[PDB]
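Q: To start, I am sharing the structure in question, which I have written as structure tokens.
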Amino acid sequence: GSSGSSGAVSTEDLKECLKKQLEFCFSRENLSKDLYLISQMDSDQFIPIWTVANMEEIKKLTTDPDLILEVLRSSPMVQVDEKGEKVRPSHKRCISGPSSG
């Protein structure tokens with residue numbers, strides 16, 4: 001098989017991991033599993049960027065707000081306000097399946 005799972009360590013692997021964290025953290029199962037995340041959410045089902053940017057995993061993976069904001073706004077699962085103050089999990093399916101980008 002394979003010794004482990006991941007290989008070398010480059011910016012590509014770091015960026016990919018960060019994307020999975022935000023996507024997974026905003027996931028339906030993760031959202032309902034993270035009682036804290038839900039408690040932090042807003043009235044309009046919006047989560048503060050500070051909370052995510054303060055995350056240990058997110059901090060160890062990235063320490064830049066611009067980079068993190070881009071990842072969130074770059075990914076569909078989540079959407080960052082044009083301004084960049086609050087982000088919410090895209091509660092609407094845009095793609096069908098085999099179609100993406």
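Each chain in the structure tokens gets a letter, A, B, ..., in the order shown, and its residues are numbered from 1; ligands are numbered from 1 in order too.
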Identify, on the basis of only C-alpha atoms, every residue whose closest approach to region 20-23 of chain A does not exceed 8 Å; exclude the query and any residue fewer than 2 positions from it along the same chain; express the result as a ChimeraX atom specification.
A: /A:16-18,25-27,52,57-58,72,75,77-78
Q: Show me, as a short mmCIF file (atom, residue, chain, number, x, y, z; two decimals) with C-alpha atoms, in the first residue's frame, the residues that have an atom within 10 Å of region 79-85 of chain A when counting only C-alpha atoms, minus same-chain residues fewer than 2 positions from it.
A:
data_model
loop_
_atom_site.label_atom_id
_atom_site.label_comp_id
_atom_site.auth_asym_id
_atom_site.auth_seq_id
_atom_site.Cartn_x
_atom_site.Cartn_y
_atom_site.Cartn_z
CA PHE A 46 -23.64 34.03 9.48
CA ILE A 47 -20.30 33.21 11.10
CA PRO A 48 -17.68 35.82 12.09
CA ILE A 49 -14.42 35.67 10.13
CA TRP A 50 -12.56 36.37 13.37
CA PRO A 65 -6.52 37.23 6.74
CA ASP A 66 -6.34 38.01 3.02
CA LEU A 69 -10.71 35.31 3.08
CA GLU A 70 -9.78 34.39 -0.49
CA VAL A 71 -10.11 30.67 0.27
CA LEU A 72 -13.57 31.13 1.78
CA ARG A 73 -14.80 33.42 -1.00
CA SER A 74 -13.01 31.22 -3.54
CA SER A 75 -14.94 28.16 -2.39
CA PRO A 76 -18.68 27.71 -3.07
CA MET A 77 -19.51 25.77 0.10
CA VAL A 87 -19.30 34.33 5.94
CA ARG A 88 -22.14 31.85 5.50
CA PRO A 89 -22.26 28.27 4.13
CA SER A 90 -23.80 28.29 0.66
CA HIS A 91 -27.17 26.76 1.56
#
Q: Report as a VMD selection string: the residues of chain A with a DSSP assignment of alpha helix (DSSP H), based on the backbone of this structure.
A: chain A and resid 11 to 25 28 to 33 35 to 40 49 to 54 56 to 61 65 to 74
Q: Name the closest residue to residue 86 (chain A) among the candidates A:55, A:41, A:35, A:61; distances are taken between atoms, counting only C-alpha atoms.
A: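 The answer is A:41, which sits nearest to residue 86 (chain A).
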Q: Would you compute the distance between CA of residue 19 (chain A) and CA of residue 53 (chain A)? Give it in Å to one decimal.
A: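 Taking CA of residue 19 (chain A) and CA of residue 53 (chain A), their separation equals 12.8 Å.
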Q: Determine which residues of region 23-94 of chain A receive a DSSP assignment of strand (DSSP E), computed from the backbone, and state them as JSON, numbers by chain.
A: {"A": [47, 48, 78, 79, 80, 86, 87, 88, 89]}
Q: Could you save the residues just selected, with N, CA, C and O atoms, as a short mmCIF file (atom, residue, chain, number, x, y, z; two decimals), in the first residue's frame?
A:
data_model
loop_
_atom_site.label_atom_id
_atom_site.label_comp_id
_atom_site.auth_asym_id
_atom_site.auth_seq_id
_atom_site.Cartn_x
_atom_site.Cartn_y
_atom_site.Cartn_z
N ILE A 47 -21.40 33.42 10.16
CA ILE A 47 -20.30 33.21 11.10
C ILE A 47 -19.23 34.29 10.94
O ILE A 47 -18.87 34.68 9.83
N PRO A 48 -18.71 34.78 12.07
CA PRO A 48 -17.68 35.82 12.09
C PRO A 48 -16.33 35.30 11.58
O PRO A 48 -15.87 34.24 12.00
N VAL A 78 -18.86 27.95 0.93
CA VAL A 78 -18.95 29.14 1.77
C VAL A 78 -18.93 30.41 0.93
O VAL A 78 -18.52 30.39 -0.23
N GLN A 79 -19.39 31.51 1.52
CA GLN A 79 -19.43 32.79 0.82
C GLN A 79 -19.13 33.94 1.77
O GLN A 79 -19.77 34.09 2.81
N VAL A 80 -18.14 34.75 1.42
CA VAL A 80 -17.74 35.88 2.24
C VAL A 80 -18.33 37.18 1.70
O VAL A 80 -18.17 37.50 0.52
N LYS A 86 -18.47 38.89 7.33
CA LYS A 86 -19.19 37.68 7.73
C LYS A 86 -19.26 36.68 6.59
O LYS A 86 -19.34 37.06 5.42
N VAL A 87 -19.24 35.39 6.93
CA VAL A 87 -19.30 34.33 5.94
C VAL A 87 -20.36 33.30 6.30
O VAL A 87 -20.52 32.94 7.46
N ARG A 88 -21.09 32.84 5.29
CA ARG A 88 -22.14 31.85 5.50
C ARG A 88 -22.01 30.69 4.50
O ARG A 88 -21.63 30.88 3.35
N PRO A 89 -22.34 29.48 4.96
CA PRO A 89 -22.26 28.27 4.13
C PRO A 89 -23.33 28.25 3.04
O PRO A 89 -24.52 28.20 3.33
#
Q: So the first atom is CA of residue 100 (chain A) and the second is CA of residue 28 (chain A); what is the distance between them in Å, to one decimal place?
A: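 Computing the Euclidean distance for CA of residue 100 (chain A) and CA of residue 28 (chain A) yields 19.9 Å.
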Q: A:34, A:39, A:68, A:2: which is nearest residue 15 (chain A), counting only C-alpha atoms?
A: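 Once distances to residue 15 (chain A) are computed over only C-alpha atoms, the minimum belongs to A:68.
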